[PDB]
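Everything below concerns the one structure shown next.
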Amino acid sequence: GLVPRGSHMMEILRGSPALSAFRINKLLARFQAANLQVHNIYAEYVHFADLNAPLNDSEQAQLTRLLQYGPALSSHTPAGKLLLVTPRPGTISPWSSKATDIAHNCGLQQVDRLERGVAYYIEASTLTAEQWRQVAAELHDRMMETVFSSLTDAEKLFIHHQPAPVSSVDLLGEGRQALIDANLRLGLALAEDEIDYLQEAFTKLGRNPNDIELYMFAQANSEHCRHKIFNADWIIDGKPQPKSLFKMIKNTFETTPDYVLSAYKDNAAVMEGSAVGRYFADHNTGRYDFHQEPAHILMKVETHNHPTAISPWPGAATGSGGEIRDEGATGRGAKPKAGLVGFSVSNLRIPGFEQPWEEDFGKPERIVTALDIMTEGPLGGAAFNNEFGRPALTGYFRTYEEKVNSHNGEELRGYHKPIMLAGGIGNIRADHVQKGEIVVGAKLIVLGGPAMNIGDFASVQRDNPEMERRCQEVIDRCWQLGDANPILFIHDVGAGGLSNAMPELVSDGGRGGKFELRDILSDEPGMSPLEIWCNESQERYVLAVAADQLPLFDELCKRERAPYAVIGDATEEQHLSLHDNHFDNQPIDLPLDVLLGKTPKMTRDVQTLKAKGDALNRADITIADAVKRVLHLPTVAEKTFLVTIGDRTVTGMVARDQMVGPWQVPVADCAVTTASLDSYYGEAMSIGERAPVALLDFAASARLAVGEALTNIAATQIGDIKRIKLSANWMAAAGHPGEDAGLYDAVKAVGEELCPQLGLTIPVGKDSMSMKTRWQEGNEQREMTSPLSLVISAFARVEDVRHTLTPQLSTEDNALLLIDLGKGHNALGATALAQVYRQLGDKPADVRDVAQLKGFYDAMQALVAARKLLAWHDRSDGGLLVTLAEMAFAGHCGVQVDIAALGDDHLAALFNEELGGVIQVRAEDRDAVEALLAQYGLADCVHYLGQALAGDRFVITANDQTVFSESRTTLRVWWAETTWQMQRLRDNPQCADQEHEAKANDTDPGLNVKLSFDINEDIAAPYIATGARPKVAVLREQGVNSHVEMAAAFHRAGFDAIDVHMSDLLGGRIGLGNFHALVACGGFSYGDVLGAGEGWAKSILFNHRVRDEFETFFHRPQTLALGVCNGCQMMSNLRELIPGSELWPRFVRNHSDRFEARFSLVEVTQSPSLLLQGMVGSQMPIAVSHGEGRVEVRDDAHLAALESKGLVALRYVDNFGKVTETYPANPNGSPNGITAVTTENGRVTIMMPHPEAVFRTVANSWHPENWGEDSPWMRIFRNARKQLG
Ligand SMILES: Nc1ncnc2c1ncn2[C@@H]1O[C@H](COP(=O)(O)OP(=O)(O)O)[C@@H](O)[C@H]1O
Ligand SMILES: [Cl-]
Ligand SMILES: [Cl-]
Ligand SMILES: [Cl-]
Ligand SMILES: [Mg+2]
Ligand SMILES: [Mg+2]
Ligand SMILES: [Mg+2]
Ligand SMILES: [Mg+2]
Ligand SMILES: [Mn+2]
Ligand SMILES: [Xe]
Ligand SMILES: [Xe]
Ligand SMILES: [Xe]
Ligand SMILES: [Xe]
Ligand SMILES: [Xe]
């Protein structure tokens, strides 16, 4: 396959079939649905290699072999009409960046670029050219892809354009008109006074502005970048106001500075953490060690609402990716640890599952549907978190779309433009919290990805998470140098690209800069200087480093394979210049104070609109019907489709994730991580939000968001409320009638009143101020406007991660007690209950009593510390009804509760969404607990409800009357139906159905353990005691992310864990000949492009020296190796080097066709595995996190031979203890539950689950109560140590 392509040659290589049978069946069913009459469809990947020089035979064999990957689906002879789908010309897929990288690291420098498309073969012998266009429309994404008729057309993707010159705007030759034309032509969106400012600036300089200078200015001065609304002066109902919104937020720091180390002067806030062992590999020795020191806590939350309305997968992916850059660029370098995720969208209207409150109102053609956002968006957000390697541990998901009588009268209110929210916490060293001095002469570097023309095609983002992982490793090497950290100053690259980030950086240091345009790394030679300087390409940071640290920085980057460029120098003069060596001229030449000068402050002069509620019309409402609808509201309903798609175990520090208890029910109210791998100190995150309340009462909605963040985090051991710090993220349709006054009133409500009075700081925050959508529907104008939507995220240092309560009810003798901080108001306005009957109602919840909310929190903290709680679940969407139901789902039990003391209105008592929740206590503690609550002023809020009982009965009485009684299993399965329907349409429907149907089986005993050995016996102790510590090579390739906890597991077992990067082996810095033990760690090397683990394995196989090195290590008589997850995939690709491995299977795309992050039950089976000695017959859960873990054999003969040889070491079992292939008990579809195999001599074991994630009991999502510090998985590492003797 090989043809001229300008001054290069393009080779075409056929790949493998691209779609599984159920995917083919969906295409055919959709074609029949549109009646396009299609007899058959078949699809095959095809690869395109643009070559700068020819391949000899052996290089050609290498290239072909690199492009063999993926499940072994049945080939077909091409037949019918070819439609080839590729990335749009002018764009380079992330697949292409990563695959070309593999090619280069396998020695194929002749490969200039690799790209991939899908060839579809459609047999539909009479369709009009018209119907052909609809077939083509159906097979590609119009925002990213194009459809071609010939394989040869792929040459269009590799055209090199000449560099486009700068363009000047003729102000001197045409006057102000030139600026007006450029404003419209370049879409600068400039205000009249901004046009005046530019006109005057350039008249003063006596020369025309260049397009690049105007664009840079336009970006810096957008609402998005300047925050004009948040800095504006206000007049409200005729009275000037004393403070901006930002100054009201700051008020919370003026009033509670406690524990804050950094607020409002960085792209994250920082608060005090805990002195613990920070674990990392020394720069000199490569050995991992604990460094006992403060691990302070940074936090940040951001949105990506507009781009997600256009292209939701990269919109959500880069929302997370951008936020992750903020966290690593805090101070002088910091480390992201865990993430959170939020979505608000309009009604799903799932086909065949439409709910009675949903009405189709239309939408703009150019945006995607709510369903499309909730399909592709969570996948994009998880793709980044999974491929970058941070666990995603808490989040919210709301649907809202209704015609409502609100502040501006009857209007459509919703989320056509969605909220896509991404946030997280990380750790930072004390001495790096402060940005450093920028020395005159400092080198100014771009760290990260080559620029492309990115940033409405302009709203289609692009993510490459692996590129960002490689940058994070360099930032980690830097801060891991302590006082020798060479980062003087670092900033993320986001809006405005370099044109914002570089000026901001020098400016923050009191300097200017001089830059060379042609030093910036670019994958698009056609780009204009404007495009190069201003594009929003992803995975970039800017930093300043002293000239003499450049050789160190260079070494650090090269070992990580993180690209970087020196692109300029910091100057004493406060000027900004950008030179271009190619055109020999100066695209930018400005004083900074001209560039960064501001037009006058905004004034908003506005008036209050307040909705008068309508009383809830109850004609159609019964309690039973209300329970059924409310559990079908996606806001309320089970969230599994948002949770198991995202890793929750990488770092080995996750103590509490969303899934709770033996039945792994996602109801955890907040996330908890341990502060290190050697401590019980930790960090917690929770979310509060209640946007629909803002349709009745702006300030109540903001108070409730703060209050729910607190009730969600309250059963975690924190102590002083001033330890809890908030992000406030404000989404509004600024300018829409009544929203501006409501915004000022809501910010005041929290910043000036509620938070100072509770002792809560808001040291970080952001705002997104055009939350609305307009389009033409008949030839009527239509508009969908969001409620004011405050999202509060709460972050806190944790005193003891072991003491966290979850909603999992005990059935030992117990009391359930409601804490009703609604004080009997029982408001029903703006509840899930109102919304599911198409109403807004009358009067919403609110914070009823500030002393009692603080009293609530302090009481909860006293009960958590004294271990007086069995369970906790707060009340929010769905009310007390949903809180009790979710506790019964998590406990897999019944409730017998009486509500007579809660008012005569049972509907109001069950469904109000007032603050509070239900604690469960031992029956014998009930009196002391009620006395404790009374001491905090709560007696009149506290109500004994009844008890949790074994069994399936969910019973609510009022005196002698049954208010509501149903099977708990029935409610649990209704509550599951949304995630079932989402999984069924997104993933393999067979796996969605199995998962859902297992829920209806009440006899399910949940995760449960059988141990064949003593989990507390440290069999490595006599070896550790001698002080003899053998090395283990902790092997990582670029994109590996689980190596730190892997090293820590081996360390606890007595090893000296050495960081061995593949670059170390390629560069000769490490030899395997010096090791007896090797482990290949997990993650996403090369983003799994070319098959998970393949580029890592082939880069070994195709370098003869490193390959000989691996083969020698494996052939030694006493070496031990382990491969986990990515390392298990890598090693299965290395069988030719491993003796005794001939029967090993391949590991390919899970049968569900979805990444699976699960806490799965396995049994240890009889094999030669030396790492599993003493464990055979044990059954216990383990962390699973993979999308390519399905064992695939050549045929049954290979499966039988593998089995009969006795080499299977681990199998998935269902909770009844049987070997299974039913999902998700077996999360990936592996035959015979196979998930680990060993070699004939037992010296090498590979497995897909992560024992290193869960070797600490505290890091097991569920575990038996009596376990000590060590989980059963700790024994694998101790077995390695004892085996080496
Ligand atoms: N978008 C999301 N991504 C990840 N996890 C989520 C998301 N939405 C909700 N969750 C998790 O699902 C569980 C139930 O969520 P939800 O009912 O919104 O919480 P609550 O009602 O306690 O505020 C929680 O553990 C939450 O963290
Ligand atoms: Cl169709
Ligand atoms: Cl702009
Ligand atoms: Cl939009
Ligand atoms: Mg103090
Ligand atoms: Mg909920
Ligand atoms: Mg909650
Ligand atoms: Mg919530
Ligand atoms: Mn009151
Ligand atoms: Xe190719
Ligand atoms: Xe400017
Ligand atoms: Xe956390
Ligand atoms: Xe108590
Ligand atoms: Xe090992």
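All residue numbers in this chain count up from 1 along the given sequence.
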ring-ring contact (aromatic ring centres under 6.0 Å, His included) between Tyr564 and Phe553, worked out
CA-CA 9 Å; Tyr564 78 100; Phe553 194 70; 5.4 Å; yes
I would like to know whether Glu1188 and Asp1088 meet side chain to side chain contact (heavy atoms under 4.5 Å, CB included); could you show each step before the answer?
CA-CA 9 Å; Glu1188 294 171 42; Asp1088 296 351; 4.0 Å; yes
Test side chain to side chain contact (heavy atoms under 4.5 Å, CB included) on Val270 and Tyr259; report intermediate values, then the result.
CA-CA 9 Å; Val270 186; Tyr259 315 105; over 6 Å; no
Would you check, one step at a time, whether the test side chain to side chain contact (heavy atoms under 4.5 Å, CB included) holds for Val566 with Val545?
CA-CA 10 Å; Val566 179; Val545 156; over 6 Å; no
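Listed by chain and number, the residues in a side chain to side chain donor-acceptor pair (under 3.5 Å) with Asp101 are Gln1038 (sequence neighbours excluded). Among residues two or more places apart in sequence or in another chain, the salt bridge (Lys or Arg N to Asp or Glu O under 4.0 Å) test is passed with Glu327 by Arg390. Judged as a side chain to side chain donor-acceptor pair (under 3.5 Å), and not counting sequence neighbours, the contacts of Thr318 are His304. Evaluation of the side-chain contact (heavy atoms from CB on, under 4.5 Å) rule for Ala570 yields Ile438, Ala442, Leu444, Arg511 as partners, not counting sequence neighbours.
Within 6.0 Å of atom CG in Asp431, 12 or fewer heavy atoms from other residues, nucleotides or ligands are found, so the atom counts as exposed in its surroundings. Around the CD atom of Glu437, the shell of radius 6.0 Å holds no more than 12 heavy atoms that belong to other residues, nucleotides or ligands.
With respect to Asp492 and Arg325, no salt bridge is recorded, no charged nitrogen being found less than 4.0 Å from a carboxylate O. Residues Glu387 and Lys98 are paired through a salt bridge, judged by an N-O separation under 4.0 Å between the basic side chain and the carboxylate. A salt bridge does not link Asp508 to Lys435: none of the charged nitrogens lies less than 4.0 Å from a carboxylate oxygen. Taking the charged nitrogens against the carboxylate oxygens, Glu272 and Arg797 have no contact shorter than 4.0 Å, which rules out a salt bridge. Ionic pairing of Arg1029 and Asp1056 is present here: one or more N-O contacts between side-chain nitrogen and carboxylate oxygen are shorter than 4.0 angstrom.
Put simply, OG on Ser1185 and CE on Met1248 are 9.5 Å apart, with the number rounded to the nearest 0.5 Å. In this structure, CZ in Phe1050 is found 14.5 Å from NZ in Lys1031, a value given to the nearest 0.5 Å. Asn1041 CG to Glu466 CD: the interatomic distance, rounded to the nearest 0.5 Å, is 10.5 Å.
Residues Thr100 and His104 have side chains in contact (heavy-atom distance under 4.5 Å, counting atoms from C-beta outward). The shortest side-chain heavy-atom distance between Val301 and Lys766 does not fall under the 4.5 Å cut-off.
The shortest heavy-atom contact between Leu677 and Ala1048 is CD1-CB, 3.7 Å. Between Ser1042 and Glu1252, the shortest heavy-atom distance links the atoms OG-OE2, 2.9 Å. Residues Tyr279 and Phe290 share a closest heavy-atom pair of CD1-N, 3.4 Å.
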Check residues 678-685 and write down every donor-acceptor pair under 3.5 Å in which the side-chain atom is one partner and the other belongs to a residue at least two apart or another chain.
unit_1: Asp678; atom_1: OD1; unit_2: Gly277; atom_2: N; d: 3.0
unit_1: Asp678; atom_1: OD1; unit_2: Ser676; atom_2: OG; d: 2.6
unit_1: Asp678; atom_1: OD2; unit_2: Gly277; atom_2: N; d: 3.4
unit_1: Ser679; atom_1: OG; unit_2: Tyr681; atom_2: N; d: 3.0
unit_1: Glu683; atom_1: OE1; unit_2: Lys337; atom_2: NZ; d: 2.8
unit_1: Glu683; atom_1: OE1; unit_2: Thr673; atom_2: OG1; d: 2.7
unit_1: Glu683; atom_1: OE2; unit_2: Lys337; atom_2: NZ; d: 3.1

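Applying the ring pair (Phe, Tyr, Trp, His ring centres under 6.0 Å) rule to pairs touching residues 464-484 yields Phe280-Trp479, sequence neighbours excluded.
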